[PDB]
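Colleague: Sequence unavailable; structure follows:
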């Protein structure tokens, strides 16, 4: 079990990176989709007001 | 001098052979468990490396 835990720490150190990529990619993808729509709607709103 | 006394000693011989037979199987059981655990511990480690 001690030999398994030496190896398991390295697996957990990799899963912490996989979980950081999956969480940041999901959060970034949604926020940028809102920021793009809000910029298109904002530039359009300047012309509509004109 | 009496056969009834030789018969009592003849039972002691059989019990001494059974004691030796049990001692052999108990030793095989201990090495089987040692090897089984030695294989199992390496397999548990390899799953974490995979």
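Modeller: The structure has been received and is ready for your questions. Numbers count the residues shown, from 1 in each chain, chains lettered A, B, ... in the order given.
Colleague: element containing residue 19, please.
Modeller: No chain in the question, so chain A it is. In the assignment (DSSP states H and E), residue A:19 maps to helix A:2-49.
Colleague: Switch to chain B, please.
Modeller: Under the criterion of DSSP H and E, residue B:19 resides in helix B:3-49.
Colleague: Give me the three-state assignment for residue B:1.
Modeller: State at residue B:1, reduced to three classes by DSSP: H, G, I helix; E, B strand; the rest coil: coil.
Colleague: ok, it to residue B:47 distance?
Modeller: Computed as CB to CB, to the nearest Å, the residue B:1 to residue B:47 distance reads 70 Å. Placement of C-beta: from N, CA and C, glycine included.
Colleague: on that earlier part again, which strands and helices sit next to the helix holding residue B:19?
Modeller: When contacts are defined as 3 or more CB pairs under 8 Å, 6 or more residues apart in numbering or on different chains; DSSP states H and E, helix B:3-49 packs onto helix A:2-49.
Colleague: Most proximal residue of chain B with respect to chain A?
Modeller: Using CB to the nearest CB, the single residue of chain B nearest to chain A is residue B:48, 4.4 Å away.
Colleague: Assess the claim that that residue and residue A:14 are in contact.
Modeller: No. With contact defined as CB atoms under 8 Å, residue B:48 does not reach residue A:14; the gap is 10.8 Å.
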